[PDB]
Amino acid sequence: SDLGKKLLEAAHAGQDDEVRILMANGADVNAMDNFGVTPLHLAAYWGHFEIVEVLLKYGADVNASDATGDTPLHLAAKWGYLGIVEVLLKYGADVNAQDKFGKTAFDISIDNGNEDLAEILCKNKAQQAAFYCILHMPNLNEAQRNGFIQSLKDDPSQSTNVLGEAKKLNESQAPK
C-alpha cells in the first residue's frame, strides 16, 4: 500500500519495465483504490497487453470486480481489444458475469457492433456449456465425470465430442 499506488499508476501509464521492476521488488499485484480497481483493470481498460501478461503471470485475480461489478474482461470488451480478451479467457475469465448495468462482455460486444469479438466470446461459451451439460448426466459416476472434465480442460476445443461420448455412455448405463 505504497508500492501499490505506484503499481496502479505504472499500469495506467503503460510503463512496462517499470512494472516488471515493481513486481520483482515484490509489489502487491492485487492492490486497489477506493473504487476496487486493480492494476489488471487499468491495464485492460487502457490497452496495454504486455502489462496484462505480466500481471496475469504474477497471479492477478482475473475475475476481480470493481465498484460497478465490472471485470477486466468487461473493460477489455468496451474498447475491442481482441488480443487481451483472448489471454484473459485463457486464464479463466467468466464470460457470463454480469455487472450493475446487467451487462455481459457479449452484450457489450453487441453494443459496439463487433462481430469478431462476438464470435470469440460466443465460441467460448459453448465450452462452459459442455461442462455444465456433462455435469447433468444422471447415469455416470464421479470417476467418469471427473475423467471427462479433466479431458475437457486439457483440450477445450474437443468439448462437443467429449459431450457426445458422455451421452453415448449415459444411455448405455441406464438403470435397472
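A compact table of results
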| read-out | value |
| --- | --- |
| Answer residue from the range 7-31, given it is outside any helix (DSSP H, G or I) and without any contact (Cβ under 8 Å) to a residue 24 or more places away in the chain and is farthest from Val85 (Cα to Cα) among those | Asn25 |
| Counted residues, the range 132-166 - those being surrounded by 11 or more Cβ atoms within 10 Å (Cβ to Cβ), out of contact with any helix residue (DSSP H, G or I) (no Cβ under 6 Å at 6 or more places or on another chain) and either of a type in the set (A, V, I, L, M) or within 19 Å of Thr104 (Cβ to Cβ) (or both) | 3 |
| Checklist (1) on the phi < 0 side of the Ramachandran plot; (2) under 16 Å from the mean Cα position of the chain (by Cα) applied to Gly69, failing item | (1) |
| Failed criterion for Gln127 (all others in (1) exposed (fewer than 14 other Cβ atoms within 10 Å of the Cβ); (2) touching a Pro at 6+ places or on another chain (Cβ under 7 Å); (3) among the polar types (S, T, N, Q) hold) | (1) |
| So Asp99, is it crowded, with 16+ Cβ neighbours inside 10 Å, touching a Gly at 6+ places or on another chain (Cβ under 7 Å) and in the same structural domain as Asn25 (by CATH) | yes |
| Cβ pairs under 6 Å, 6+ apart, first in the range 55-76 and more than 20 Å from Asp111 (Cβ to Cβ), second of a type outside the set (A, V, I, L, M, F, W, C) and not in a loop (DSSP other than H, G, I, E, B) | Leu55/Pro39 |
| Residue match in the range 107-126 (condition: in the same structural domain as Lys57 (by CATH) and closer than 21 Å to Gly36 by Cβ) | yes |
| Set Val37, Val52: member being of a type in the set (A, V, I, L, M) and in a helix (DSSP H, G or I) | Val52 |
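Basis: the model, the stated rules and, where named, an outside source; none is laboratory data. FYI the Cβ positions are ideal-geometry reconstructions off the backbone, even for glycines, and counts take in every protein chain you see.
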